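Read the single chain below, which is given as structure tokens and is the form deposited in one PDB entry.
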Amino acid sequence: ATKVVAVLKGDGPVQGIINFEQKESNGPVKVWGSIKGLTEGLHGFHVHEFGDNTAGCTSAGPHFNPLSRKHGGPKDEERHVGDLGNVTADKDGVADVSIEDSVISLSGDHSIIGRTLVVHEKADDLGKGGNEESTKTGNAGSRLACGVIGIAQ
């Protein structure tokens, strides 16, 4: 496929639709959409390993990391395939997403199809924190909303 989508939903007011499109097999991936119900400010944003929603967002597992790297920002050489940094909400709780990433993909080892997109309660420290946790999750906190990444076209 060249186009997939994830509909984020959680126990709370956080919700949104995120689109992904990749025209070429080894080309970049455009990510866009909106999320509401968020507190003003930054929020972690990543693709998690499992597209398993049997237990809310917690069953999505850790960050998608097929290359067994350490957590990082989307622009850091060292990073999980699923690390998409942070999204920002405005005073009304809305965050407009517009990302372009070259690590995630819709085919091969880096394929995010069938995995989960998650938006966190707090900001992602991009893996620069003075603690081991920062190198695993970025200390972004709990998962407010998530959705399985499915084929849309």
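All residue numbers refer to positions in the sequence shown, first residue = 1.
Of the two stretches examined, 91-99 and 54-62, the record assigns the greater average C-alpha temperature factor to 91-99. Averaged over their C-alpha atoms, the temperature factors of 38-46 and 104-112 are higher for 38-46. Sort the modelled residues of the chain by CA B factor and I17 lands in the lowest third. In this PDB entry, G10 carries a Cα temperature factor that places it within the highest third of its chain's modelled residues. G82: CA B factor in the lowest third of modelled residues in this chain (values from the PDB entry). Per the deposited record, the Cα B-factor of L67 falls in the middle third when ranked against the other modelled residues of its chain. Per-chain ranking of the deposited C-alpha B factor places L126 in the highest third.
We do not show the form solved in complex with a partner chain, though everything after this point is about it.
In the deposited bound form, its partner chain sits within 4.5 Å of a heavy atom of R79. When contacts are judged by a 4.5 Å heavy atom cut-off, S68 does not count as touching its partner chain in the deposited bound form. Proximity of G72 to its partner chain in the deposited bound form falls outside the 4.5 Å heavy atom cutoff.
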